[PDB]
Amino acid sequence: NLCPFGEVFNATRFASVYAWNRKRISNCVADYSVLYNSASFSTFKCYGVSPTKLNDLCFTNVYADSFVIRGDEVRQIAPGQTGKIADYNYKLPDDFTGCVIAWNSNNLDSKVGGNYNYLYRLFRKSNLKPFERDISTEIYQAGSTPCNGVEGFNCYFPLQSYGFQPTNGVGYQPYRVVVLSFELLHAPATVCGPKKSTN
Amino acid sequence: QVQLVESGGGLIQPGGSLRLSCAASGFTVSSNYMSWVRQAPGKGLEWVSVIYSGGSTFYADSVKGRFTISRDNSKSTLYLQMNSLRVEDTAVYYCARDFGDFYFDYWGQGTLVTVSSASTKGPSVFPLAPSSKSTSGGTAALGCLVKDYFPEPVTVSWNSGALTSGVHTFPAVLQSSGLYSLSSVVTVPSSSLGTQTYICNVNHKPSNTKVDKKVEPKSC
Amino acid sequence: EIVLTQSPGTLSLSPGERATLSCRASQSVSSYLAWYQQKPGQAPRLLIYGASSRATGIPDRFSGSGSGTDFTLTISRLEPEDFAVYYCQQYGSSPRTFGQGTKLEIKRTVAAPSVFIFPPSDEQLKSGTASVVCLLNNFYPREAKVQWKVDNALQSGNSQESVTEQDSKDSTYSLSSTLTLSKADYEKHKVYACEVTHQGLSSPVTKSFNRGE
Ligand SMILES: *[C@@H]1O[C@H](CO)[C@@H](O)[C@H](O)[C@H]1NC(C)=O
């Protein structure tokens with residue numbers, strides 16, 4: 001049947017970037033029409049591949065990752081970037097083959113009091129590896145004395161909330177992001193485009 | 001108890017190199033964001049560079065390609081290597097604990113970096129003698145003129161620290177020649193002119209100049 | 001590039017009064033605003049983060065308010081320790097930027113300066129340069145005008161001024177004005193005079209000396 005791109009792009013709620021979601025796409029027909037013809041995306045950047053030409057290639061599996069960041073940080077969703085998002089939340093490899101799609105979602109993810117449901121990781125001793133997901137909420141020990149699970153001096157909660165508000169400037173507003181990556185294993189190809197049909 | 005102590009500032013020619021160091025205690029350097037912020041003399045604050053907890057590195061546009069921030073955790077030290085220095089880089093440089101690349105919650109004491117073509121020069125110390133006329137039962141003024149030195153700083157004391165009341169040591173001003181000069185004055189009772197001795201102690205460490213100038217009413 | 005503008009540039013109040021300092025941002029930074037305090041010769045110290053939250057150990061008389069492009073730092077009952085320079089800093093957009101600072105000065109009653117003049121020493125004269133020094137001691141306010149008159153000719157372009165920080169104990173200022181000239185030029189003139197205009201003087205004060213007396 002058709003690949004379920006709609007339930008990724010049109011999901012009611014998105015994940016926080018630190019706990020980014022990933023949908024494994026297999027054994028379906030993928031028509032990328034829906035995406036590249038739709039003039040609804042402020043970001044549609046593809047690497048080592050073209051959207052025009054995806055519809056006639058075959059892959060073993062496709063991964064669709066999705067999360068919310070602020071517009072300021074959409075530039076960090078790219079190969080070779082650094083920054084809090086790239087270093088501690090979601091990391092693309094330098095040889096990334098895929099596409100990065102994003103759109104402004106102020107009308108869905110901002111609240112008047114501030115939406116404190118979307119978070120990002122602020123402290124981490126080392127950078128994530130490509131496609132690594134770290135969902136720890138352990139108190140960050142910034143000094144030598146153990147924190148014993150209590151926030152305080154040199155003991156920081158590792159996550160911070162975006163607090164998206166509709167009044168915010170467009171650099172601070174929430175953006176929904178979908179990252180499509182294409183993997184070619186030594187195995188049969190299960191995700192292709194369409195073509196002609198008999199009867 | 002957080003402590004940060006910077007070291008390494010001094011006089012350097014344009015195009016030269018320096019390495020500033022910041023000795024830190026009270027937290028784990030390798031575990032924190034840390035920043036260098038600079039302040040030109042009499043001017044405001046400018047962020048220079050930041051190292052993230054995970055090791056990523058960022059720089060202000062004016063120093064990109066010339067400055068490099070780094071850390072050594074076993075020595076608990078933060079470093080700023082400055083190359084191809086320009087005159088505009090003259091400033092006090094502050095080491096700072098950085099909370100998540102947002103604000104600077106702990107600061108060091110600063111270290112002065114002077115980038116100039118002018119050579120080191122020790123000061124000449126001249127007396128400002130108490131007036132002939134002053135007033136029989138009033139107050140008189142005397143002091144020391146500390147002229148033509150480079151770079152900053154000089155220290156001035158009176159009577160080896162014993163005299164502090166009424167002392168004004170003025171901020172140094174750059175003269176046309178590119179050298180600093182400065183005066184230190186003190187007001188005292190005129191009666192005291194004949195009974196107390198007044199000596200200004202001038203030290204200029206960049207040139208290893210030390211002077212003790214006795215200031216006396218001048219022969220008429 | 002976010003530019004922060006602080007107002008006013010200088011603010012002069014008595015101990016016990018309320019101080020209100022303004023920071024204005026060229027763009028919205030929404031709450032990502034911090035306030036720092038800096039005394040002369042010392043390092044800055046964090047006062048307030050998130051536009052309203054006090055840092056550890058900061059007394060309650062410091063409070064921050066505002067958002068977006070307009071922020072305010074209030075000190076409720078000014079203590080002597082509180083007279084310093086205050087800096088706003090934004091961290092809504094890279095790179096982080098500071099405002100140019102607001103200086104908080106102690107206000108007191110007018111005090112006229114005491115004026116002294118110093119001819120060049122003979123030791124300095126033997127090296128070919130003559131420096132004439134004029135000293136304005138312990139005055140308020142800081143605005144003063146010093147005018148050099150050599151043989152009743154107004155001298156311009158060859159003098160430099162330096163002003164102390166406000167004194168800890170009487171809250172006055174002191175000022176030095178230095179006139180520099182060559183030995184030959186110094187011996188070309190006879191009467192050297194410093195003329196001082198200040199609010200605390202109903203008429204300008206002149207201190208003078210004759211060269212070689
Ligand atoms: C999401 O829904 C809209 C309207 O129902 C539709 O135009 C769009 O194609 C959907 N998204 C995808 C990925 O199909």
# chains A, B, ... in the order shown; residues from 1 in each chain; ligands from 1

$ interface_residues --of "chain B" --to "chain A" --cutoff "6 Å" --atoms "only C-alpha atoms" --output "compact mmCIF listing (two decimals) with N, CA, C and O atoms, in the first residue's frame"
# COMPACT_ATOMS: atom_id res chain seq x y z
N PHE B 27 34.38 24.08 40.49
CA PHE B 27 33.53 23.41 39.51
C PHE B 27 34.44 22.64 38.57
O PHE B 27 35.67 22.78 38.61
N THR B 28 33.84 21.80 37.73
CA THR B 28 34.57 21.00 36.77
C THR B 28 34.61 21.74 35.44
O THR B 28 33.57 21.95 34.80
N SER B 31 33.25 20.19 32.32
CA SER B 31 31.82 19.91 32.40
C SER B 31 30.94 21.13 32.13
O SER B 31 29.71 20.99 32.12
N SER B 53 30.08 22.75 27.05
CA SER B 53 30.33 21.60 27.92
C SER B 53 30.81 20.40 27.12
O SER B 53 31.72 19.68 27.54
N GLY B 54 30.21 20.16 25.95
CA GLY B 54 30.62 19.07 25.09
C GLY B 54 31.81 19.33 24.20
O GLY B 54 32.21 18.44 23.45

$ residues_near_ligand --ligand "ligand 1" --cutoff "8 Å" --atoms "only C-alpha atoms and all ligand atoms" --output "VMD selection string"
chain A and resid 5 to 10 34 to 35 38

$ atom_distance --atom1 "atom CA of residue 62 of chain C" --atom2 "atom CA of residue 40 of chain B"
27.3 Å

$ interface_residues --of "chain B" --to "chain C" --cutoff "6 Å" --atoms "only C-alpha atoms" --output "ChimeraX atom specification"
/B:44,102,105,109,128,170

$ write_last_selection --atoms "N, CA, C and O atoms" --output "PDB file, in the first residue's frame"
ATOM      1  N   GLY B  44      32.813  49.478  26.939  1.00  0.00           N
ATOM      2  CA  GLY B  44      31.894  48.475  27.433  1.00  0.00           C
ATOM      3  C   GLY B  44      32.411  47.059  27.261  1.00  0.00           C
ATOM      4  O   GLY B  44      33.591  46.815  27.006  1.00  0.00           O
ATOM      5  N   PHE B 102      24.181  31.326  27.908  1.00  0.00           N
ATOM      6  CA  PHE B 102      23.170  32.360  28.107  1.00  0.00           C
ATOM      7  C   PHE B 102      23.774  33.580  28.796  1.00  0.00           C
ATOM      8  O   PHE B 102      23.869  34.648  28.189  1.00  0.00           O
ATOM      9  N   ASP B 105      27.708  33.913  35.006  1.00  0.00           N
ATOM     10  CA  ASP B 105      27.359  33.985  36.419  1.00  0.00           C
ATOM     11  C   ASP B 105      28.569  34.061  37.344  1.00  0.00           C
ATOM     12  O   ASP B 105      28.399  34.373  38.528  1.00  0.00           O
ATOM     13  N   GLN B 109      39.141  38.079  37.681  1.00  0.00           N
ATOM     14  CA  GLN B 109      39.543  39.448  37.986  1.00  0.00           C
ATOM     15  C   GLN B 109      40.022  40.226  36.766  1.00  0.00           C
ATOM     16  O   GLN B 109      40.097  41.458  36.827  1.00  0.00           O
ATOM     17  N   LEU B 128      56.113  67.764  42.822  1.00  0.00           N
ATOM     18  CA  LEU B 128      55.249  68.942  42.802  1.00  0.00           C
ATOM     19  C   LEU B 128      55.366  69.571  44.189  1.00  0.00           C
ATOM     20  O   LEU B 128      54.660  69.178  45.121  1.00  0.00           O
ATOM     21  N   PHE B 170      45.764  60.260  40.211  1.00  0.00           N
ATOM     22  CA  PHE B 170      44.879  60.457  39.076  1.00  0.00           C
ATOM     23  C   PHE B 170      45.037  59.342  38.046  1.00  0.00           C
ATOM     24  O   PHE B 170      46.115  58.756  37.914  1.00  0.00           O
TER      25      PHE B 170
END

$ residues_around --residues "residue 76 of chain A" --least-positions-apart "4" --cutoff "9 Å" --atoms "only C-alpha atoms" --output "list in words"
residues 72, 80, 81, 82, 83, 84, 85, 86, 90 and 91 of chain A

$ write_last_selection --atoms "N, CA, C and O atoms" --output "PDB file, in the first residue's frame"
ATOM      1  N   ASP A  72      15.356  29.618  14.668  1.00  0.00           N
ATOM      2  CA  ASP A  72      16.772  29.916  14.846  1.00  0.00           C
ATOM      3  C   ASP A  72      17.649  28.691  14.644  1.00  0.00           C
ATOM      4  O   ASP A  72      18.752  28.786  14.100  1.00  0.00           O
ATOM      5  N   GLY A  80      27.438  18.448   9.380  1.00  0.00           N
ATOM      6  CA  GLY A  80      28.580  19.280   9.707  1.00  0.00           C
ATOM      7  C   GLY A  80      28.296  20.481  10.581  1.00  0.00           C
ATOM      8  O   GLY A  80      29.167  21.350  10.709  1.00  0.00           O
ATOM      9  N   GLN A  81      27.118  20.569  11.181  1.00  0.00           N
ATOM     10  CA  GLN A  81      26.779  21.691  12.042  1.00  0.00           C
ATOM     11  C   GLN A  81      27.187  21.411  13.486  1.00  0.00           C
ATOM     12  O   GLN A  81      27.348  20.261  13.901  1.00  0.00           O
ATOM     13  N   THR A  82      27.359  22.487  14.248  1.00  0.00           N
ATOM     14  CA  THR A  82      27.509  22.412  15.693  1.00  0.00           C
ATOM     15  C   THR A  82      26.521  23.378  16.336  1.00  0.00           C
ATOM     16  O   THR A  82      25.941  24.241  15.674  1.00  0.00           O
ATOM     17  N   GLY A  83      26.332  23.219  17.641  1.00  0.00           N
ATOM     18  CA  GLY A  83      25.334  23.974  18.372  1.00  0.00           C
ATOM     19  C   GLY A  83      24.614  23.074  19.354  1.00  0.00           C
ATOM     20  O   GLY A  83      24.787  21.854  19.305  1.00  0.00           O
ATOM     21  N   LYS A  84      23.797  23.651  20.237  1.00  0.00           N
ATOM     22  CA  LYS A  84      23.153  22.847  21.273  1.00  0.00           C
ATOM     23  C   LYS A  84      22.276  21.752  20.674  1.00  0.00           C
ATOM     24  O   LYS A  84      22.286  20.609  21.149  1.00  0.00           O
ATOM     25  N   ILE A  85      21.541  22.067  19.606  1.00  0.00           N
ATOM     26  CA  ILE A  85      20.669  21.072  18.989  1.00  0.00           C
ATOM     27  C   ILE A  85      21.496  19.979  18.320  1.00  0.00           C
ATOM     28  O   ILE A  85      21.298  18.784  18.571  1.00  0.00           O
ATOM     29  N   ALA A  86      22.447  20.374  17.470  1.00  0.00           N
ATOM     30  CA  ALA A  86      23.270  19.394  16.770  1.00  0.00           C
ATOM     31  C   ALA A  86      24.129  18.583  17.735  1.00  0.00           C
ATOM     32  O   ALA A  86      24.325  17.378  17.537  1.00  0.00           O
ATOM     33  N   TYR A  90      19.969  16.250  18.333  1.00  0.00           N
ATOM     34  CA  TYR A  90      19.773  15.488  17.099  1.00  0.00           C
ATOM     35  C   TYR A  90      20.936  15.773  16.163  1.00  0.00           C
ATOM     36  O   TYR A  90      21.158  16.926  15.783  1.00  0.00           O
ATOM     37  N   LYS A  91      21.661  14.727  15.782  1.00  0.00           N
ATOM     38  CA  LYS A  91      22.902  14.867  15.031  1.00  0.00           C
ATOM     39  C   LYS A  91      22.796  14.113  13.715  1.00  0.00           C
ATOM     40  O   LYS A  91      22.511  12.909  13.703  1.00  0.00           O
TER      41      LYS A  91
END

$ interface_residues --of "chain A" --to "chain C" --cutoff "12 Å" --atoms "only C-alpha atoms" --output "VMD selection string"
chain A and resid 70 to 73 83 114 152 to 153 162 to 173

$ atom_distance --atom1 "atom CA of residue 120 of chain A" --atom2 "atom CA of residue 18 of chain A"
5.2 Å

$ residues_around --residues "residue 10 of chain C" --least-positions-apart "4" --cutoff "7 Å" --atoms "only C-alpha atoms" --output "PyMOL selection string"
chain C and resi 102-104

$ residues_around --residues "residue 75 of chain B" --least-positions-apart "4" --cutoff "9 Å" --atoms "only C-alpha atoms" --output "number ranges by chain"
B: 23-24, 71

$ write_last_selection --atoms "N, CA and C atoms" --output "PDB file, in the first residue's frame"
ATOM      1  N   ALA B  23      42.917  30.103  35.778  1.00  0.00           N
ATOM      2  CA  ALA B  23      42.945  29.027  36.756  1.00  0.00           C
ATOM      3  C   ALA B  23      41.618  29.043  37.499  1.00  0.00           C
ATOM      4  N   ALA B  24      40.904  27.925  37.451  1.00  0.00           N
ATOM      5  CA  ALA B  24      39.552  27.841  37.974  1.00  0.00           C
ATOM      6  C   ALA B  24      39.467  26.784  39.063  1.00  0.00           C
ATOM      7  N   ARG B  71      40.722  24.161  26.703  1.00  0.00           N
ATOM      8  CA  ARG B  71      40.731  23.853  28.124  1.00  0.00           C
ATOM      9  C   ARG B  71      41.625  22.653  28.396  1.00  0.00           C
TER      10      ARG B  71
END

$ atom_distance --atom1 "atom CA of residue 121 of chain A" --atom2 "atom CA of residue 58 of chain B"
18.6 Å
